[PDB]
Amino acid sequence: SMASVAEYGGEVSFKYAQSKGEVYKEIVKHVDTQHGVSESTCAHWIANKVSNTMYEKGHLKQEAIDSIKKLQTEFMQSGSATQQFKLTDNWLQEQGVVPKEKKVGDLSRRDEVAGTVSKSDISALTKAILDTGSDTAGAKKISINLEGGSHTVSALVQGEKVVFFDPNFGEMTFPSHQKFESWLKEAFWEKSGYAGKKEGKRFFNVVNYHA
Amino acid sequence: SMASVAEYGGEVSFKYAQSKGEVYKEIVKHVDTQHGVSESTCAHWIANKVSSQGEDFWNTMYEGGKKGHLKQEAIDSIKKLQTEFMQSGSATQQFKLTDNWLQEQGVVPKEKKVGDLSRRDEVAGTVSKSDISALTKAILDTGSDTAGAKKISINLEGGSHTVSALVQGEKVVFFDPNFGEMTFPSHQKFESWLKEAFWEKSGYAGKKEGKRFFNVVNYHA
Ligand code: NA
């Protein structure tokens, strides 16, 4: 967003009539909302299989949809990913689903398998899904992270003058480094959708050209 | 919930009439294409600012009489470069292509020199929800000089997805709320289908290299 540029002592030089940034924020909201529905639906599917169908062509029963919507809302309004996944786990135990435990030395701990996937390797994920440990049978709730996109912005710095250009919003000018730095950190980073919801490092690369 | 399930000896038990997975694949296409447009537009903006003959007005990319739009000539040229960028395949070759275009337009990449040797003045690092201090320094740093132009690549947060499974001996039931329910009569048939068919066709695989987190929670059947 560029609502705050003038508040931080900058000027908007150009504003795109159709903000591809606003489209990106709607995409983030969509993918976030759809995670809630996916998590809630998988929880309901797991509870249904371990206790006999949730299906009505190509739709869930209305009572399943109402219950999925309820859990999804609660899931969404839980803060951290840790609290969200704890809320779904509590719901599953309330429905009589029993989480597996494993021994690590003498101690009982949750039978969760954490790991990594990539474009070219899902071997560890596949083994975690297929493993039933001591038993012949198991239900799994599988959380997977999706690839984020790539974005390019540009800047011209001339002494204390900073021109910042985001093809998703437009062009802004700040008359000092400090005014640009405060605006970028305190206004733009969150409001833009580039910050994300989770903690975690993402790469950046700056290529420098002569002015 | 595709035709690939039966090809790998499985059965579709349920198919969502409205696939949230198909919507997700359209989103991936959009965000990928929009990287092309963002890269090409930033390249043009950099060439315009560095070429500039004093005042901005003399050679703006902005349409004078149409508020909040680029000139049609700038749009056509941006679409040309974006196409070339898109056809490159390999992020290394894509960025090399943009760099060649920038030099063709008279833009001069900065070098770090030690004795007789050069390398590109490019600064990598990391950002997060709560820290962009290293990014901010890389943008503001002009090295030797008081002036410089920057093309800034930022990686975005991917979303999260949940799927589920039930394994009973050799029977694998896999459920993706974005597609539906599939059943495989052996582990082998599930593993081959997941790795060779589903992972790419789902949109979950991605285009770039990069490790992404998964978590499997096990419940008694
Ligand atoms: Na400006």
Side-chain angles (χ1 to χ4, degrees), chain A residues 31-32 34-47 49-50 71-72 74-76 78-93 95 97-104 107-119 121-133 135 137-148 196-202, chain B residues 21 24 128-129 157-167 172-179 190-191 194-195 198-199 202-206 210-221:
Chain A
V31 169
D32 195 54
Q34 209 64 54
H35 179 222
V37 173
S38 285
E39 177 77 357
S40 177
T41 303
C42 284
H44 280 78
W45 187 88
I46 290 176
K49 292 303 265 225
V50 308
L71 183 50
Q72 177 213 357
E74 287 163 10
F75 178 88
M76 223 81 273
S78 317
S80 163
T82 284
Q83 297 162 300
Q84 289 187 313
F85 294 127
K86 189 165 198 190
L87 186 127
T88 42
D89 187 67
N90 287 9
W91 187 87
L92 280 171
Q93 282 175 287
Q95 310 306 308
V97 179
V98 300
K100 281 196 184 167
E101 306 191 77
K102 45 148 169 177
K103 306 317 304 212
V104 11
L107 306 161
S108 303
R109 293 303 189 255
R110 289 293 299 264
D111 187 13
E112 305 194 335
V113 178
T116 248
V117 295
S118 63
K119 175 70 186 289
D121 182 37
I122 62 171
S123 279
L125 169 62
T126 302
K127 285 178 93 166
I129 298 165
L130 287 179
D131 187 21
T132 49
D135 323 331
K140 293 91 187 328
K141 201 184 60 173
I142 303 148
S143 293
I144 299 284
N145 271 179
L146 306 167
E147 195 169 66
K197 294 97 163 54
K198 301 187 281 204
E199 287 302 339
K201 298 204 164 319
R202 304 184 289 286
Chain B
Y24 182 71
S128 63
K129 170 171 203 62
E157 193 171 70
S160 301
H161 187 48
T162 311
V163 297
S164 54
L166 175 72
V167 183
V172 188
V173 185
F174 181 67
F175 174 76
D176 187 343
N178 273 3
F179 298 106
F190 172 75
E191 179 163 318
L194 197 71
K195 298 189 159 174
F198 187 66
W199 191 236
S202 63
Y204 305 152
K211 307 308 203 165
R212 300 190 290 286
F213 295 130
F214 78 78
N215 204 58
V216 175
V217 181
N218 287 301
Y219 313 87
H220 293 293

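Just so it is clear, the values below take in all heavy atoms, side chains as well, and ignore hydrogens, waters and symmetry mates. Note on naming: letters A, B, ... go to the chains in the order of the sequence lines (proteins, then strands), and numbering restarts at 1 for each one.
- Donor-acceptor pairing under 3.5 Å is recorded for the side chains of A:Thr88 and A:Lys141.
- In this structure the side chain of A:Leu87 reaches within 4.5 angstrom of the side chain of A:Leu71, judged on heavy atoms.
- Among all heavy-atom pairs drawn from A:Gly36 and A:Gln72, the shortest one is C-CG, 3.4 Å.
- When side chains are defined from C-beta on, A:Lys140 counts as touching B:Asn218, because their heavy atoms get closer than 4.5 Å.
- For the pair A:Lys102 and A:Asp111, the tightest heavy-atom approach, listed with the atom from each and the gap, is CG-CA, 4.1 Å.
- Considering every non-hydrogen atom in both A:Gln95 and A:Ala47, the closest pair reads CB-CB, 4.0 Å.
- Using cut-offs of 30° and 60° for the angle between ring planes, the A:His44 and A:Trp91 rings count as tilted.
- The main-chain N or O of B:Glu157 is never found under 3.5 Å from a side-chain atom of A:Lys198 such that the two would form a donor-acceptor pair.
- Closest of all the heavy-atom pairs between A:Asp135 and A:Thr132 is O-OG1, 2.9 Å.
- In the model, A:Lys49 has no side-chain atom that pairs as donor or acceptor with a side-chain atom of B:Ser164 under 3.5 Å.
- A donor-acceptor pair shorter than 3.5 Å cannot be found between the side chains of A:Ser78 and A:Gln84.
- Listed here is the closest heavy atom pair of B:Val217 and A:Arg110: CG1-NH2, 3.2 Å.
- For the residue pair A:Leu146 and B:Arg212, the shortest heavy atom distance occurs at C-CD, 3.4 Å.
- Between the side chain of B:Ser202 and the backbone N or O of B:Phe198 there is at least one donor-acceptor pair closer than 3.5 Å.
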